[PDB]
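1. pasting an experimental structure with its sequence.
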Amino acid sequence: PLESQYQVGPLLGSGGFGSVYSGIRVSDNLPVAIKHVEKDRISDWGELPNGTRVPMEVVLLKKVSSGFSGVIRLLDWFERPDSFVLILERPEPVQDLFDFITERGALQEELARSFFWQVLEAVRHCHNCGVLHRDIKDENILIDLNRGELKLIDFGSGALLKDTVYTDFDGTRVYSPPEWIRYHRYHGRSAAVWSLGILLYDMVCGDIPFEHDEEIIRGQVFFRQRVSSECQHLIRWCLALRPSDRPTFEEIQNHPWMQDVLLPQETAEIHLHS
Ligand SMILES: CN(C)CCNc1ccn2ncc(-c3cn[nH]c3)c2n1
């Protein structure tokens with residue numbers, strides 16, 4: 001194989017997700033993202049059916065990359081003496097929902113609904129493939145600004161979906177549910193619904209609802225922008241203090257606020273082009 005079948009461009013960003021660069025597969029000029037992760041900072045390993053000891057990120061990505069989906073797919077990966085290199089796809093042009101929100105503030109409800117729905121679909125896809133992301137938040141969502149398609153990234157805190165209790169979390173705290181904060185115990189679907197509630201508030205209000213543990217535990221959400229009563233109702237339902245009082249994915253997509261979603265292309269024509 002050997003690594004210079006891609007051409008390396010600018011550093012796109014770096015953080016707990018590793019360092020990610022803009023790249024082009026030389027074979028067919030396909031845009032790509034080259035992620036490097038140091039082996040030293042991988043706490044969670046898995047194995048590939050074949051028998052190789054890989055990072056869990058790569059196991060989870062292989063399971064969800066069957067494609068097509070609203071997940072950025074893993075096209076190839078490589079081992080190095082001190083790091084793994086992952087070759088993922090890259091939309092052009094692209095902006096992460098975090099930067100998009102920093103720039104435009106609270107999103108119009110019709111835009112939030114398209115975006116949230118598409119997130120719901122991607123999260124359904126991961127669950128349907130046996131993958132829990134465990135760090136759903138605006139920084140982990142890419143927008144393809146031409147097609148209006150959202151795409152999920154950075155599965156480094158994810159786990160295989162399981163029906164028993166999780167006692168380990170390494171996601172973002174301010175998107176984590178009260179039962180983790182208080183007891184260090186959660187279940188996959190209900191924690192994911194909670195973070196989908198923090199995301200939905202984030203989109204309609206321009207910011208996350210809670211910063212502090214005490215605020216999460218209390219679960220009382222104040223609205224700082226004018227948000228519709230139906231949208232407020234769905235947000236508060238995802239943010240219920242008791243996991244069992246949170247909605248299923250089906251109940252979210254059957255909520256009256258989620259009816260008449262725009263299709264991605266209309267979404268980009270109306271809210272994203274020019
Ligand atoms: C979290 N945030 C700093 C995003 C970093 N900027 C970018 C820009 C474009 N792409 N295109 C694919 C990716 C990708 C990131 N991880 N896996 C794929 C990517 N990241």
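-> Nice, I can see it. Numbering: from 1, shown residues only.
2. give me the phi and psi angles of the closest residue to residue 82 other than its chain neighbours.
-> Spatial nearest neighbour of residue 82, excluding adjacent residues (C-beta to C-beta, 6 or more residues apart in numbering): residue 39 at 5.6 Å. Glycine gets a C-beta too; all of them are placed from N, C-alpha and C. Dihedral angles of residue 39 (phi, psi; degrees, to the nearest 10) stand at phi -60, psi -40.
3. likewise the one 5 residues further on?
-> Backbone geometry at residue 44, expressed as degrees, to the nearest 10, gives phi -120, psi 110.
4. hmm, back to that, ok, the residue nearest to residue 82 touching residue 54?
-> No. Judged on C-beta atoms under 8 Å, residue 39 makes no contact with residue 54 at a distance of 10.7 Å.
5. neighbour-wise, which of the two wins?
-> residue 54 (18 against 13; other C-beta atoms under 10 Å).
6. that one: which element?
-> strand 53-55 (DSSP states H and E).
7. swap in residue 95?
-> Applying DSSP H and E, one finds residue 95 within strand 94-96.
8. and the strands in the chain?
-> With DSSP state E as the criterion, the chain has strands at 6-15, 18-25, 30-38, 45-47, 53-55, 74-79, 83-89, 94-96, 131-132, 141-144, 149-152, 159-160.
9. list of residues touching the last one?
-> It refers to strand 159-160. 44, 56, 59, 60, 130, 131, 132, 134, 166, 168, 188 (C-beta atoms under 8 Å, 6 or more residues apart in numbering).
10. list only those of those flagged as buried.
-> 56, 59, 60, 131, 132, 134, 166, 188 (16 or more other C-beta atoms under 10 Å).
11. find the nearest non-adjacent residue to the fifth one, please.
-> Counting by C-beta to C-beta, 6+ apart, residue 132 lies nearest to residue 188, which is 4.5 Å off, once chain neighbours are set aside.
12. residues contacting that neighbour?
-> 127, 132, 134, 159, 161, 162, 166.
13. could the residues you listed go into JSON lines alongside distance to residue 7?
-> Conversion of the contacts of residue 188 to JSON lines gives the following (distance: C-beta to C-beta, whole Å):
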{"residue": "127", "distance to residue 7": "36"}
{"residue": "132", "distance to residue 7": "34"}
{"residue": "134", "distance to residue 7": "33"}
{"residue": "159", "distance to residue 7": "34"}
{"residue": "161", "distance to residue 7": "36"}
{"residue": "162", "distance to residue 7": "40"}
{"residue": "166", "distance to residue 7": "40"}
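14. please tell me how far the closest residue to residue 92 other than its chain neighbours sits from residue 265.
-> Spatially, and ignoring its direct neighbours in sequence, residue 92 is nearest to residue 31 (5.2 Å; C-beta to C-beta, 6+ apart). Between residue 31 and residue 265 the distance is 20 Å, computed by C-beta to C-beta, to the nearest Å.
15. could you do residue 239 as well?
-> 31 Å.
16. the two: which is more packed in?
-> residue 239 (25 against 14).
17. list the contacts for the nearest residue to the more buried one once chain neighbours are set aside?
-> Nearest residue to residue 239, sequence neighbours excluded (C-beta to C-beta, 6+ apart): residue 197, at 4.2 Å. Going by C-beta under 8 Å, 6+ apart, residue 197 touches 235, 236, 237, 238, 239, 246.
18. got the residues of this structure near the ligand?
-> 12-13, 17, 20, 33, 35, 72, 88, 90, 94, 96, 139, 142, 153-154 (C-beta under 6 Å from any ligand atom).
19. still on that earlier bit, between the contacts of strand 159-160, which sits nearest the ligand?
-> residue 60 (12.1 Å; C-beta to the nearest ligand atom).
20. got the end-to-end distance for stretch 153-171?
-> Distance across stretch 153-171, first residue to last, is 13 Å (C-alpha to C-alpha, to the nearest Å).
21. let me redo that: stretch 14-32
-> Termini of stretch 14-32 sit 16 Å apart (C-alpha to C-alpha).
22. and the residue lying closest to residue 46 once chain neighbours are set aside, what is it in contact with?
-> For residue 46, ignoring the flanking residues on the chain, the nearest one in space by C-beta to C-beta, 6+ apart is residue 59 at 3.8 Å. Counting by C-beta under 8 Å, 6+ apart, residue 59 touches 46, 47, 48, 160.
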